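>
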Amino acid sequence: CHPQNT
Amino acid sequence: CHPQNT
Amino acid sequence: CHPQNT
Amino acid sequence: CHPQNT
Amino acid sequence: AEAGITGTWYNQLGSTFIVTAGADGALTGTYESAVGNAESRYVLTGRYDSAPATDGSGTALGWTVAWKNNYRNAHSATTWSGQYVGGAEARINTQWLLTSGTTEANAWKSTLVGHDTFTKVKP
Amino acid sequence: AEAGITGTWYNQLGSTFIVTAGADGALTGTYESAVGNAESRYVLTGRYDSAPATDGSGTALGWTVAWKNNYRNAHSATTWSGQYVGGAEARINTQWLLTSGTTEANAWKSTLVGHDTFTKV
Amino acid sequence: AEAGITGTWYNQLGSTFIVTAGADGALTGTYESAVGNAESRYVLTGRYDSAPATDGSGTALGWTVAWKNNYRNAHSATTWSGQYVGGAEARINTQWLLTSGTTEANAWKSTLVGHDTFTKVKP
Amino acid sequence: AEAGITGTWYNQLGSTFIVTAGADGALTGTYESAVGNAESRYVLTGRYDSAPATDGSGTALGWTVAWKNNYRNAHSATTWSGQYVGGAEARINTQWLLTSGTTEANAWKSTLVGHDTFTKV
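Residue numbers (the deposited numbering), protein chains in the order written: chain M, 1 to 6; chain M', 1 to 6; chain P, 1 to 6; chain P', 1 to 6; chain B, 13 to 135; chain D, 13 to 133; chain B', 13 to 135; chain D', 13 to 133. A prime marks a further copy of an entry chain.
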């Protein structure tokens with residue numbers, strides 16, 4: 001889960 | 001004026 | 001593997 | 001001319 | 013499912029896209045801007061995934077238009093790549109790349125990138 | 013120039029793209045990955061400018077490949093957009109967009125972007 | 013005009029962007045996703061045009077975030093490039109590029125592209 | 013690897029990019045076009061991963077240049093996103109987005125996309 005988006 | 005968009 | 005390259 | 005290249 | 017893609021679609025700027033999806037994965041149709049009329053019409057050809065994953069996953073597709081018809085020639089081509097999402101309000105979400113024919117010296121600035129959303133209006 | 017597009021081209025990773033350019037703007041052919049086993053082949057369709065400018069300009073073109081054939085279905089499609097340049101050393105310079113079919117939640121990370129240069133060697 | 017850009021902005025997915033525009037063209041601040049909390053916070057640095065054209069023309073700007081802070085390291089960086097449009101409802105419209113560190117063999121698929129719209133909520 | 017980023021790099025069109033990489037992730041420096049007359053120079057700022065992965069991975073990085081200095085103002089900004097690869101022949105491989113300030117009507121054609129490879133030669 002990349003922190004840019006949820 | 002390109003025909004893709006107005 | 002994705003078919004696009006190699 | 002755009003400053004980015006040449 | 014080919015039937016859901018087939019129809020008349022429109023994007024946020026008022027351009028018209030008429031497409032038919034064939035059972036072998038082919039896409040064919042015409043593209044037009046908001047001025048309407050006969051020619052602003054250009055031929056389009058593309059491909060889509062005729063056997064998509066189940067889930068609530070979208071169907072991947074893509075199509076190209078070379079901006080030349082029998083009235084004008086802008087010396088450029090656009091490709092849209094995105095996904096069809098069916099449901100109450102079906103939408104095609106895309107990203108596109110517009111490339112113009114340039115001399116070698118201006119080739120570094122030949123391509124524009126952007127994004128389009130199409131809403132369906134008719135089969 | 014114009015018809016010089018018809019032929020067999022290779023990108024920098026060994027993928028082969030075989031195309032037929034129609035007098036009025038159609039592009040038709042097959043694309044296959046390196047290794048080259050006979051179904052690693054996929055169908056492609058596209059368009060190109062059939063009447064390019066007479067100054068030293070390249071020829072605008074583009075095509076699509078949906079990544080499904082009789083053996084595999086990768087639930088994705090790639091579009092390449094660029095221009096053809098004829099000469100003693102002909103090439104097709106492109107940038108591409110690879111979209112995958114995703115759920116609504118993963119829509120933001122659905123598309124990859126890249127570039128390829130195709131030559132006849 | 014630096015004052016209009018400075019503030020707290022949010023995008024359509026619920027991520028937070030806090031920025032200050034300095035008079036020499038510098039942009040500094042922090043970026044956070046919708047989970048909120050302390051760390052989901054990463055440092056951002058960018059530049060904007062401090063002397064824009066008059067008209068109803070937008071102001072061009074861009075900023076970068078490397079996705080590493082003191083709690084996580086995703087080994088990737090994102091750059092957003094777009095324009096600030098002021099008025100009743102000010103908006104920043106952008107396009108972004110996310111690149112991950114990969115080995116040479118997977119470098120052809122290292123970069124994602126997309127687009128974001130930010131709406132302002134506070135100075 | 014890591015600090016190897018600090019130095020003077022050149023892209024394929026002769027533009028020079030001089031950068032200082034800070035221990036904690038900052039990137040600072042100047043960019044100047046070919047011809048190289050002393051204001052063709054613009055300020056750049058950015059970030060890079062200061063603790064990269066130990067397998068054979070490249071180092072993720074990115075930076076911005078707003079096209080205004082004391083002499084010219086082109087009402088545009090360029091962001092480059094990519095990765096650094098160290099070796100006997102070091103390079104930084106990137107793709108970039110050039111946005112121009114436009115009116116609402118021309119917003120759809122505001123951004124160009126391209127790619128650049130920077131080397132120390």
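Built from N, CA and C at the ideal position, the CB exists for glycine as well.
1. Thinking C-alpha only, which one of D':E101, D':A119, D':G26 and D':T115 is nearest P3 of chain P'?
2. Among D':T131, D':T28 and D':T106, which one has its Cα closest to the Cα of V47 of chain D'?
3. Run through the segment 70 to 124 of chain B' for me and flag every whole beta strand (DSSP E) of 3 or more residues, listed as ranges in chain order.
4. I want to know whether the segment 36 to 44 of chain B touches the segment 54 to 70 of chain B - three or more CB-CB distances under 8 Å.
5. Return the residue from the list B:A78, B:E51 and B:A50 that minimises the CA-CA distance to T57 of chain D.
6. Applying the 10 Å Cβ sphere with the 16-neighbour rule, what's the burial state of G41 of chain D?
7. Just to confirm before moving on: does the CB-CB distance between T106 of chain D' and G98 of chain D' stay below 8 Å?
8. What would DSSP say about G58 of chain B, mapped onto helix, strand or coil?
9. Counting contacts by CB-CB distance shorter than 8 Å, is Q107 of chain B in contact with chain B'?
10. Should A72 of chain D' go down as buried or exposed, given a rule of 16 or more other Cβ atoms within 10 Å for buried?
11. For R53 of chain B, which residues from the same chain have a beta carbon less than 8 Å from its beta carbon, with the 5 sequence-adjacent residues on both sides left out?
12. Within 10 angstroms of its Cβ, does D67 of chain B collect 16 or more other Cβ (buried), or is it exposed?
13. Compute the Euclidean distance between the alpha carbons of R103 of chain B' and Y96 of chain B', then round it to the nearest angstrom.
14. Which residue's Cα is closest to the Cα of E14 of chain B': B':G70, B':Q24, B':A86 and B':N49?
15. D128 of chain D' bridges to which residues according to DSSP?
16. Run the CB neighbour count on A89 of chain D, radius 10 Å, all protein chains shown included, and call it buried at 16 or more, exposed below.
17. Determine the extent of the beta strand (DSSP E) in which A33 of chain B is found, giving its start and end residues.
18. In this structure, how does DSSP classify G37 of chain D when only helix, strand and coil are distinguished?
19. What distance in whole Å lies between the Cβ atoms of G126 of chain D and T123 of chain B', which are believed to be in contact at a cut-off of 8 Å?
20. Does the beta carbon of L25 of chain D' come closer than 8 Å to any beta carbon on chain P'?
21. Using the beta-carbon of each residue, which ones in chain D are nearer than 8 Å to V125 of chain B'?
22. For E14 of chain D', does the three-state DSSP call read helix, strand or coil?
23. I need the DSSP call for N23 of chain B, collapsed to helix, strand or coil.
The relevant details are as follows:
1. Nearest to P3 of chain P' by alpha-carbon distance, out of D':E101, D':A119, D':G26 and D':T115, is D':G26.
2. Considering only D':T131, D':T28 and D':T106, the residue with the shortest C-alpha distance to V47 of chain D' is D':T28.
3. Runs of the beta strand (DSSP E) inside the segment 70 to 124 of chain B': 71 to 80, 85 to 97 and 103 to 112.
4. The segment 36 to 44 of chain B vs the segment 54 to 70 of chain B: in contact.
5. Nearest of B:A78, B:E51 and B:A50 to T57 of chain D, Cα basis: B:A78.
6. A residue is called buried once 16 or more other Cβ atoms fall within 10 Å of its Cβ, and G41 of chain D is buried on that count.
7. It is not a contact, given that the beta carbons lie outside the stated cut-off.
8. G58 of chain B: strand per DSSP, three-state reduction.
9. Using a CB distance cut-off of 8 Å, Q107 of chain B counts as an interface residue toward chain B'.
10. That one is buried.
11. These residues qualify, in order along the chain: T42, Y43, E44 and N81.
12. Residue environment for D67 of chain B: exposed (fewer than 16 other C-beta atoms within 10 angstroms of its C-beta).
13. Their Cα atoms are separated by approximately 6 Å.
14. Cα-wise, what sits closest to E14 of chain B' is B':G70.
15. DSSP, once it has assigned bridges, lists D':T106 as partnering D128 of chain D'.
16. Residue environment analysis places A89 of chain D among the buried positions, since at least 16 neighbouring C-beta atoms fall within 10 angstroms of its C-beta.
17. Segment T28 to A33, the beta strand (DSSP E) holding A33 of chain B.
18. It is coil, neither helix nor strand.
19. That belief holds up - the Cβ atoms of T123 of chain B' and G126 of chain D are roughly 7 Å apart, short of 8 Å.
20. Taking 8 Å as the CB threshold, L25 of chain D' lines the interface with chain P'.
21. The CB of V125 of chain B' comes closer than 8 Å to the CB of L109, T123, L124 and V125 in chain D, given here in chain order.
22. In the structure shown, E14 of chain D' sits in a helix (DSSP, three-state: H, G or I).
23. Here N23 of chain B sits in strand by DSSP.
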